[PDB]
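J.: let me start by giving you these chains from the complex, positioned as in the assembled structure:
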Amino acid sequence: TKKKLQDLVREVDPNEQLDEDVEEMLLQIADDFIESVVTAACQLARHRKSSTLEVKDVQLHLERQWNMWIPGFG
Amino acid sequence: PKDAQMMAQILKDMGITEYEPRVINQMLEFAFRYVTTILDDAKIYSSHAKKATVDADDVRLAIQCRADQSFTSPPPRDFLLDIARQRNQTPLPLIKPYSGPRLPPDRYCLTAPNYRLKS
Amino acid sequence: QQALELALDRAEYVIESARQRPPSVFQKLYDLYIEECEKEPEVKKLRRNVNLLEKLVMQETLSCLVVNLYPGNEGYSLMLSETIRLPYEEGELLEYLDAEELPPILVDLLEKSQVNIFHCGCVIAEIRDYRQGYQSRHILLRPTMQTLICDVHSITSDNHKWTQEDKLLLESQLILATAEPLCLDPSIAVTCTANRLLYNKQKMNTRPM
Amino acid sequence: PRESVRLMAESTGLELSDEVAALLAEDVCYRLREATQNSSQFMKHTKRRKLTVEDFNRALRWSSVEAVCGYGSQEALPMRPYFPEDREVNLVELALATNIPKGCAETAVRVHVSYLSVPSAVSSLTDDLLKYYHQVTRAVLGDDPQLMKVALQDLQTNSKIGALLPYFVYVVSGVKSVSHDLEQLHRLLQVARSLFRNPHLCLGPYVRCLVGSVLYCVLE
Amino acid sequence: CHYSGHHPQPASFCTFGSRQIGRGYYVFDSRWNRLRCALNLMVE
Amino acid sequence: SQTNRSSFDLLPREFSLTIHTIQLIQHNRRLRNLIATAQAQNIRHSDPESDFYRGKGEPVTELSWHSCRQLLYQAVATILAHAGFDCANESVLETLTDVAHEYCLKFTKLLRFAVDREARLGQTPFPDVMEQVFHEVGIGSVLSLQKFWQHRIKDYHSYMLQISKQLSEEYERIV
Amino acid sequence: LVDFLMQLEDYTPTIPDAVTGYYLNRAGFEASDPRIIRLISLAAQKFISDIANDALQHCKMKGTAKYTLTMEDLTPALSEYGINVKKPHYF
């Protein structure tokens, strides 16, 4: 469809190849990253007042352990 | 010096009877650094909690985050079993006696000279 | 190396001796089949095939589990009547049926509702191939140590203040109850026999195919 | 206990409730107890039983915990009841005052064999050798046939080394004195050859006392 | 910093991703969602 | 019935600018105090004929843990005094030495994983192994060391000397 | 003008070769030629001098609103590199 795995490789290094067995591992890395973020976000969601919302503002406070900052609104 | 005696007792409870006088002070520094960091983590959670006083649930979340990333432990009793299960179908190579302990093929060994440097 | 050929010659003697002539459901029935289907017409047509259908299905008509495979954009199915619809392209049961291994999901269903089929841990699953009319496929699902390790886990979940030592003692009794005979021969000829008889089953592929 | 947590909490800036420090102190004890257990694995396995500073640092490194830096190895930091460290020393005289690069670290291995002269083993006083010595010296050698195979096989199995007397006597008395006679030396070589085929006899340090008599057999 | 017979439980461990299904079987947070629904709303 | 000695064994037969800069600092303190008391009382190219150009060299004498730490304490003390300091605590020195010890261990350990990794492949991303390890550590290149040395040793010494010369003229003018 | 070879001669190391060489022995290196073991000492000097210069800047802006090094000049200088040191001053 669009941006499966190869165009992201071109986004960094124009001439780089990945083995067939490496692609699935990276997706599982992303799959584990997705679950870890949402579980922690839901934990903070239940911490605001026992539950409020999935909030983009508290996600910024969550990314301090990942040492990353989204260029979003905030 | 009340901390010195209990720390020696803790080491004694683990079957250690000979130590150095500097490790006891190191663990006291480690304990001081551990609580000071987790109190700061409580402060930022309390400041993000838009509350004046510090609640006790923020400490529970703060210590939860500390154990999540700052401590290492292998996955016990369930993940390693799957590894043996997914590798149980791997067969065993045949034994061909020629001279005994053969070696992995050429290239996949630590015997290779640098390409750039030459004679 | 001179010891290795002596072991190899001894291993060759052992394997031919156990192959040419032989030396209450699991062990007794297979021994009867060996005694029945051993003689040969001296033709280069050996009868050591799978033939699991004739062992129990056509001679005892016992209970079995039927697995449906529907080819093409539809997936597979499982029955107990009361079919299920699950798509393919999932590494959840294709790998568990890829060898003689007992998937955990069945064990959960076999302990609460049904009491029908128990064969010393091993179960028989029938695979249907409508489009290669269905074909018969009877294979043995040999349980692994994950079942017995999780067996105590249900037993541990009893709210009776189970200790570590009591569980470990229960670990040993369960393992010893379903234990396998061990060869105590210090000779190294066992390795050649063991490797040959375990490579003839898994000579297909590890990485390439 | 719980009073120590409150003191350093005050230095942090804010006080803590009495129902919170109890759990916090319990958490500290669990971490320190686990740290000592991790340091024990590196400790009781190389070859030692003495606690060192580096062992605790290694446990923190492999547990994704920051290593404590600032404590050396020598015994220091006294307590006089209070942690003063106001030792204002100048670095001018500490630059080049007394230095020596001599290490003097060498390794040497030597081999010595202990006994457990005549360690109450040369003399036959065990009440189990004199009778057997008589049988083998006057009934296994010489005239009587049809006895060599059974006796030699029994002697081949058992080692019973450590007397060191009898085997030398047969060689000395059978070669240096029966050199001009037959029907004895042939069987003396046969029993000697079977001794070399016994894999439980230590004939290493006894090559000079046997080969010299062997060269006597081939001489003349 | 206390001494007692009972083991001090932190109750704030690393919480490795694992859910309890069947009280004996454990899942790594995924790949057992649709199948569990299929064999629980049908078998029982 | 005796014999000879029976024990066979084999016995081996075996049983400048940093100091000078500090001296200039001492001279300025020798001049600063006098002024303070007086104010209130008014072609080279590498020749390939040597053993240094190759890897030939004399092995370094092996030391122990006790002797290595003392040299670390001495080395750290001298370089801090060169920075412009005159007194410091003991634990502060101990913290700096441990950080330097850990930094050296991590740098040396990182080099080892770099050396043995290329020994099995034969191809190098960077032309030098030493060039590579600086990149993961933070040093841009070895060619940046000359600029650091020039701007922190030679320039500092030339600047430090001028202050001494300027204060010497002040002493000659006042007295 | 001049290549790096004799420029390497011009440097005056402070850490002796018996300290850097021992580090290579710990990691599994011979440390038997003079030429490789001078950059590690220089790299170690650069790492400490940057912290030393940073501490000097903090010390000279302490209370101006002889030179003694304390924890107030060390815990902020080590903060940028990621070193977090916190030592209790009593008990």
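T.: Yes, it's here. Residues are numbered from 1 along each chain as shown, chains lettered A, B, ... in the order given.
J.: get me the contact residues on chain E for chain D.
T.: If contacts are counted using CB under 8 Å from any CB of the partner chain, the residues of chain E sitting beside chain D are E:1-2, E:8-10, E:12. Placement of C-beta: from N, CA and C, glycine included.
J.: just the helices in chain G please.
T.: Taking DSSP state H as the criterion, chain G contains helices spanning G:4-10, G:17-27, G:39-59.
J.: from residue G:14, how far off is the residue nearest the centre of chain G?
T.: In chain G, the C-alpha nearest the mean C-alpha coordinate belongs to residue G:48, at 2.1 Å (CA atoms, centre = their mean). Counting by CB to CB, to the nearest Å, the gap between residue G:48 and residue G:14 amounts to 10 Å.
J.: which residues do these two both contact?
T.: Taking CB atoms under 8 Å, 6 or more residues apart in numbering or on different chains as the contact rule, residue G:48 and residue G:14 both touch residue F:79.
J.: quick one on the thing from earlier: buried subset of the residues of chain E next to chain D?
T.: Neighbour-count burial within these applies to E:1, E:8, E:10, E:12; the criterion is 16 or more other CB atoms under 10 Å in any protein chain shown.
J.: out of the residues you listed, which is nearest to residue C:67?
T.: Within those, the smallest distance to residue C:67 is 44.2 Å, found for residue E:12 (CB to CB).
J.: helix, strand, or coil at that closest one?
T.: Counting by DSSP: H, G, I helix; E, B strand; the rest coil, the backbone at residue E:12 sits in coil.
J.: residue C:140 versus that one, what's the distance?
T.: Noted for residue E:12: a distance of 46 Å to residue C:140, by CB to CB.
J.: one more: residue D:30?
T.: Taking CB to CB as the criterion, residue D:30 is separated from residue C:140 by 48 Å.
J.: thinking again about what came up before, want to try JSON lines for the buried ones among the residues of chain E next to chain D, with distance to chain F as columns?
T.: Supplementary listing: those in JSON lines, determined by distance: CB to the nearest CB, whole Å:
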{"residue": "E:1", "distance to chain F": "24"}
{"residue": "E:8", "distance to chain F": "31"}
{"residue": "E:10", "distance to chain F": "29"}
{"residue": "E:12", "distance to chain F": "29"}
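J.: count the residues that sit near the one residue in chain F that gets nearest to chain D.
T.: Distances from chain F to chain D, computed as CB to the nearest CB, single out residue F:98 as the nearest residue at 3.6 Å. Taking other CB atoms under 10 Å in any protein chain shown as the neighbour definition, residue F:98 ends up with a count of 21.
J.: ok, now chain H:
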Amino acid sequence: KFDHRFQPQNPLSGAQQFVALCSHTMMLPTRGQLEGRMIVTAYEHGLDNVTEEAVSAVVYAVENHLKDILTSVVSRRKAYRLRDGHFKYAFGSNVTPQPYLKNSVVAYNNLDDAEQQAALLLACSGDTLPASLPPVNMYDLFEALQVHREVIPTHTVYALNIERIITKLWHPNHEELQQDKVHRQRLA
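T.: To build on what is shown above, here is chain H added in:
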């Protein structure tokens, strides 16, 4: 004596209840595919009012995280140059000169007309035939995580994946090498 030693707490006892993939599809999760996973995992925690900005932030976080993994892997196999500190931009050819050449020293000190400058970078150092590296196997990524250890700070994610990486290690043995030799001696 032995009773004073503690026992480690089992993390397996504390689990969550379960009342009621994007792995085999070879796809990055899109906006529509992630929506189903968020709503099903928020019902267990009891969340309402599903928004849209949070989904986008998660997608971009995954995109940045995967870029960091590939940047770390390539950096261990190819060369790069640093501009004003920590910025990696080249990820390309051999424009970096050899520091043991005096011509490189004066060139370093210095820093139609455009083509000659490219020659000063692309032709002042290297070999006559620069051979490229094999594609990234299961070994290169395994060693990349060992050295850096900074890409994934969470132990719950880094640990469970690294043993799966170990199980995927493979290299041809002696027996397969003759088959390559036999095939190579057949086409010639």
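J.: the neighbour count of residue F:98 with chain H there, same question as before?
T.: Residues lying near residue F:98 (other CB under 10 Å) number 21.
J.: could you confirm it falls within a helix?
T.: Yes: counting by three-state DSSP, residue F:98 is part of a helix.
J.: distance from stretch C:177-189 to the middle of the chain?
T.: Centroid separation between stretch C:177-189 and its chain, computed with CA atoms, centre = their mean, to the nearest Å, is 19 Å.
J.: which residue ranges of chain F form strands?
T.: F:87-88 (DSSP state E).
J.: tell me, what residue is most central in it?
T.: Taking CA atoms, centre = their mean, the centroid of chain F lies closest to residue F:75, which sits 6.7 Å from it.
J.: could you measure from it over to chain A?
T.: Between residue F:75 and chain A the distance is 34 Å, computed by CB to the nearest CB, to the nearest Å.
J.: roughly how far apart are residue D:140 and residue C:7?
T.: Here the criterion is CB to CB. By it, residue D:140 lies 38 Å from residue C:7.
J.: kindly apply the preceding question to residue F:5 instead.
T.: Note on residue F:5: its distance to residue C:7, by CB to CB, is 45 Å.
J.: so which of the two has more stuff around it?
T.: With neighbours defined as other CB under 10 Å, residue F:5 and residue C:7 compare such that residue C:7 has more, 18 against 7.
J.: and what about the more buried one, helix, strand or coil?
T.: Per three-state DSSP, the local secondary structure of residue C:7 is helix.
J.: contacts only, for it.
T.: Remark: with contacts taken as CB under 8 Å, 6+ apart, residue C:7 is in contact with C:187-189, C:191-192.
J.: repeat that for residue D:50.
T.: By CB under 8 Å, 6+ apart, the contact set of residue D:50 is B:18-20.
J.: of those residues, select the buried ones using a ChimeraX command.
T.: Typed into ChimeraX, the line below selects the buried ones among these, using 16+ other CB under 10 Å:
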select /B:19,20
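J.: next, format the contacts of residue D:50 as CSV and append secondary structure and distance to chain D.
T.: Output for the contacts of residue D:50, formatted as CSV (DSSP: H, G, I helix; E, B strand; the rest coil; distance: CB to the nearest CB, whole Å):
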residue, secondary structure, distance to chain D
B:18, coil, 5
B:19, coil, 4
B:20, coil, 5
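J.: what would the contacts of residue D:50 look like in TSV with distance to chain E?
T.: As requested, the contacts of residue D:50 are exported to TSV (distance: CB to the nearest CB, whole Å):
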residue	distance to chain E
B:18	21
B:19	18
B:20	20
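J.: one more, chain I:
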Amino acid sequence: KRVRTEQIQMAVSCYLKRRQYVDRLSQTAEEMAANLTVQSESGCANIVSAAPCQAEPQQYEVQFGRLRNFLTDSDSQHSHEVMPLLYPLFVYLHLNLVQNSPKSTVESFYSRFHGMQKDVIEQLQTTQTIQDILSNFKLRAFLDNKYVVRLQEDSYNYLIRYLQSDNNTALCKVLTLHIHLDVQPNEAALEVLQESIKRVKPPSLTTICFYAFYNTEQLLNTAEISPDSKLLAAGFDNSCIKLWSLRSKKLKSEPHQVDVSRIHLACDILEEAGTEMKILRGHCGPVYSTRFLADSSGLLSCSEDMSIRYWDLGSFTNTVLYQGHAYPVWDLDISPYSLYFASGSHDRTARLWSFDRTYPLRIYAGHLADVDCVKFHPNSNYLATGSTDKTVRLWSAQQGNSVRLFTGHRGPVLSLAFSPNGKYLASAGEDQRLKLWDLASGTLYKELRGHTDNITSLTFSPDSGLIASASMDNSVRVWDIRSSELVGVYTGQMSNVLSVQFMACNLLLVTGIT
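T.: Just below you will find chain I, in place on the chains above:
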């Protein structure tokens, strides 16, 4: 409340009744090999679940047509063992055409390639429905039987290469189902008395030899003596491995032209003594084990840097690296006759290795703590892994299954050893007790209490009648198997005892530190 043993026993019996275990530990390998044949093919299923369940109207002839084009051209040496294989493949595929029963596809396949005895071919021509196959009474047995081929491993390796190519899954279905392959790589009473008396040995067969280490820094991990008594290897804390000579040979090193411990910067040119000391510097952290190959041809030694680096005795430098557990490694040991090796790490598991691959082959999981001790059975078939969870397991080198579990220790286990006859097992640890376990019954029969400190290593005598237990309290006690069963207590004049080993002639080697 408190769980008693009797209710545990009935729980085991209840589970046996649940799974129908109402219904043998022998030593003969004839029936075990006969059994191994039975369950090595009893319902084999490898690609059965991944069968090519596609329509594919036009796959058989195009695939089989490729077989004749590649297997009959430019190949004569490897063709004689595979030319007969093309004969039954046409017949088996013809039956597969009978099973799905097409109208013209089966006729086209038979008519176009009729050239690849004659009675079998003509029977297939005259039959086109499955009912005739069942009524022929000869083709029905043909389908219910397999055609065995006795080919070499190279021919199978030639076949295994072709089957991986594109459009070969349908052909692989016949191989996994229809064809089974084989791969071939005066009373005389005085003599009676001495037979009954001399057999029973206070043997006084110590013959103790000591190797001493002189005044050095207080660091030393292990020291192993070569079985042929030619070399002495030791591991230091600062990644130092030194090799000594025990026969005064003054061995010389050979050129290798490739070194690992040397940087070899770009300013070098590739240009092409003494003994009794040679440092082997290949590791980063401490070295925890050092083992030989029983032939003085190599050296295996795991370290703390999550790597196993094989040492060569021909080039005398690091040659082979094993990036395995990625976790610190505790113990390492070698299989007899130099076949395989294994080690344990911090991940509660031990992994089987090989001499041809740089990655582990088998995974042994089930422990609750780090594995500190592991050994090989003398027949190289069984492994025993010890840990600090007061459990001793017994694994298999072939299938990777734990058959036995031994419990009863009060603490960790620090020593394991297999008896030379391979029927007894020993275990000792921090409990200051020496334990003997039977490999058949699985129950303890001796309670040996002689040491008051930790037990380091265990070594059985060649006659399987004596054992020496080295401890940390400066006491080397040799006990009799065949605290009142001790031969001789050695008094410790040194700091500690490192290793004890029996090779032959009841020679005692005790290694210590002065």
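J.: what do you get for the neighbour count of residue F:98 once chain I is counted?
T.: Other residues near residue F:98 come to 21 when the count uses other CB under 10 Å.
J.: which residues touch it?
T.: By CB under 8 Å, 6+ apart, the contact set of residue F:98 is D:69-72.
J.: please repeat the previous calculation with a cut-off of 10 Å.
T.: D:53, D:57, D:67-72, F:69, F:72, G:85 (CB atoms under 10 Å, 6 or more residues apart in numbering or on different chains).
J.: from what I can see the residue nearest to the centre of chain G touches residue F:93, true?
T.: No: counting by CB atoms under 10 Å, residue F:93 is not a contact partner of residue G:48; they are 11.1 Å apart.
J.: which residues are in contact with both of those two?
T.: Taking CB under 10 Å, 6+ apart as the contact definition, residue G:48 and residue F:93 share the neighbouring residues F:76, F:80.
J.: chain B against chain C: which residues are in contact?
T.: With CB under 10 Å from any CB of the partner chain as the criterion, chain B comes near chain C at residues B:77-78, B:81-82, B:84-100.
J.: element containing residue I:512?
T.: strand I:508-513 (DSSP states H and E).
J.: one step back: among the residues of chain B next to chain C, name the ones in helices.
T.: Taking DSSP H, the ones among those that sit in helices are B:81-82, B:84-86.
J.: redo the residues you listed as a markdown table? Include neighbour count and distance to chain F.
T.: As requested, these are arranged in a markdown table below (neighbours: other CB atoms under 10 Å in any protein chain shown; distance: CB to the nearest CB, whole Å):
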| residue | neighbour count | distance to chain F |
| --- | --- | --- |
| B:81 | 20 | 31 |
| B:82 | 17 | 30 |
| B:84 | 21 | 28 |
| B:85 | 19 | 31 |
| B:86 | 14 | 27 |
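J.: chain H next: which of those are close?
T.: Intersecting these with the contacts of chain H gives B:82, B:84, B:86 (criterion: CB under 10 Å from any CB).
J.: correct me, but the first one touches residue I:349?
T.: No: proximity of residue B:82 to residue I:349 does not meet the contact threshold set by CB under 10 Å, at 11.8 Å.
J.: overlap in contacts of the two?
T.: H:163, I:363, I:365.
J.: buried ones among those?
T.: For these, burial is judged from neighbour counts taken by 16+ other CB under 10 Å, and it is met by H:163, I:363, I:365.
J.: I'd like these laid out as TSV, including secondary structure and distance to chain F.
T.: Output for these, formatted as TSV (three-state DSSP; distance: CB to the nearest CB, whole Å):
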residue	secondary structure	distance to chain F
H:163	helix	20
I:363	strand	25
I:365	coil	28
